[PDB]
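Notes to accompany the following structure.
In the entry's author numbering, the protein residues as written are 2 to 132.
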């Protein structure tokens, strides 16, 4: 509105097709300019971190794993988003990740609405296993 702003100062807010309501303050619910997957990997170490070198020679698997995470990194919900074909692979690799869905950087300002459910591709160096 411009009826209140009779101070010679309009509210600096871009009314955009995309950024109409609140979709101009929300950085995809990341809430942190940090490489979170490496941090998550540390949390996974808390849940026993299987070294990726062992996986690329054993349990390979590239897939997209989306989940809702508790502040201290407690798996709340997990949904398989995309799978590149991990049959015998999925059981072990997800036992590791599916059960150890962690959250190192606390996105308070990301889940004020419910919780943080976001898609993260879990990569194990996949040559072509599960055949």
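Even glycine gets a Cβ: it sits at the ideal position worked out from N, Cα and C.
Rounded to the nearest whole angstrom, the C-alpha separation of residue 71 and residue 108 is 10 Å.
By the Cβ-count criterion, residue 132 is exposed, with fewer than 16 other Cβ atoms from all chains shown falling within 10 Å of its own Cβ. Looking at the DSSP output, residue 121 shares a beta bridge with 66. Taking C-beta atoms under 8 Å as the contact rule, residue 50 and residue 39 fail to qualify, at a distance of about 11 Å.
The C-beta distance from residue 87 to residue 115 rounds to 29 Å, too long to meet the 8 Å contact threshold. In the structure shown, the three-state DSSP call for residue 39 is helix. The beta carbons of residue 127 and residue 90 sit closer together than 9 Å. Counting C-beta atoms within 10 angstroms of its own C-beta, residue 60 has 16 or more neighbours from the protein chains shown and is therefore classed as buried.
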